[PDB]
Peer 1: 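Before we start, here is the structure in question, set down as structure tokens.
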Amino acid sequence: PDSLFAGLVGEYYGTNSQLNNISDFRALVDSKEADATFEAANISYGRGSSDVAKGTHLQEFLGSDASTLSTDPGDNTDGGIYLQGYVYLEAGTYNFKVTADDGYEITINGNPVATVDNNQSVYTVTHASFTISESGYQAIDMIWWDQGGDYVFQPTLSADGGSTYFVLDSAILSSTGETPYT
Ligand SMILES: O[C@@H]1[C@H](O)[C@H](O)CO[C@H]1O
Ligand SMILES: [Ca+2]
Ligand SMILES: [Ca+2]
Ligand SMILES: [Ca+2]
Ligand SMILES: [Ca+2]
């Protein structure tokens, strides 16, 4: 049985190898069990300095979500997160606008909808629009990593053509696709 909560299933992975791109982080996820798990209920993390994978920087980064950490990871030089679950969206057009250091990839219903395939100091990209064909819980996943140094990750989503944006949080997230009453 998987727990039902108003959030995405979060996994954190650390490494002492360099993360240069999405492929490197995905390979890290493939390589071992998560160094920690958590509930991603308010997906607006950071900013901080001095490596997300060192000390208590991950806790600080995750903020409001860190109280659900399964463990306190040890130090690593590089690290990142893999989030998966569901997001309630009505049928229509949407686009992400994401602030991040380093890179990331967000997919909805298996298709990438926001990609930065490289390291970067903090930068905000307004991504291309995508459509949702049927109202309901949509499958969503995210990866994000830090190669070192500073770190931040705030995807925001617009339903109104880029006029307003919102953070993905417990209002609309579901870990399993069932309706959370938590
Ligand atoms: O956080 C930043 C970014 O990772 C950049 O790519 C290299 O410098 C680090 O300090
Ligand atoms: Ca794994
Ligand atoms: Ca730690
Ligand atoms: Ca590094
Ligand atoms: Ca960084």
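In what follows, every heavy atom counts, from backbone to side chain, and hydrogens, waters and symmetry copies are set aside. Indexing begins at 1, ligand by ligand and atom by atom, following the structure's order. Residue indices begin at 1 and follow the sequence shown.
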Peer 1: With no hydrogens and no angle check, do the side chains of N20 and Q147 hold a donor and an acceptor under 3.5 Å apart?
Peer 2: no

Peer 1: Is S31 close enough that one of its N/O/S atoms sits under 3.0 Å from the Ca ion (ligand 2)?
Peer 2: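 False for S31.
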
Peer 1: For a side chain to side chain contact (heavy atoms under 4.5 Å, CB included) with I140, tell me which candidate from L89, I106, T107, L83 qualifies.
Peer 2: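 Passing option: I106.
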
Peer 1: If the condition is ring-ring contact (aromatic ring centres under 6.0 Å, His included), which residues does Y137 pass it with, not counting sequence neighbours?
Peer 2: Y88

Peer 1: Indicate if the distance from the Ca ion (ligand 2) to the nearest N, O or S atom of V29 falls below 3.0 Å.
Peer 2: yes

Peer 1: Mind checking whether the Ca ion (ligand 4) has an N, O or S of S17 under 3.0 Å?
Peer 2: no

Peer 1: Applying the side chain to side chain contact (heavy atoms under 4.5 Å, CB included) criterion to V152, which one of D102, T99, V52 satisfies it?
Peer 2: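 When side chain to side chain contact (heavy atoms under 4.5 Å, CB included) is applied between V152 and each of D102, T99, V52, only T99 qualifies.
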
Peer 1: Side chains of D160 and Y165: is there a donor and an acceptor less than 3.5 Å apart?
Peer 2: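 Checked: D160/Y165 side chains show no N/O donor-acceptor pair below 3.5 Å.
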
Peer 1: Tell me whether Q138 contacts the main-chain N or O of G136 through its side chain, where contact means a donor paired with an acceptor under 3.5 Å.
Peer 2: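 Looks like yes, one N/O pair under 3.5 Å.
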
Peer 1: Does the side chain to side chain contact (heavy atoms under 4.5 Å, CB included) test come out yes or no for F96 and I108, once each step is laid out?
Peer 2: CA-CA 11 Å; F96 278 98; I108 287 179; 3.9 Å; yes

Peer 1: Provide the protein N, O or S atoms situated under 3.0 Å from the Ca ion (ligand 5); waters are not included.
Peer 2: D101 OD1, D102 OD2, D146 OD1, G148 O, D150 O

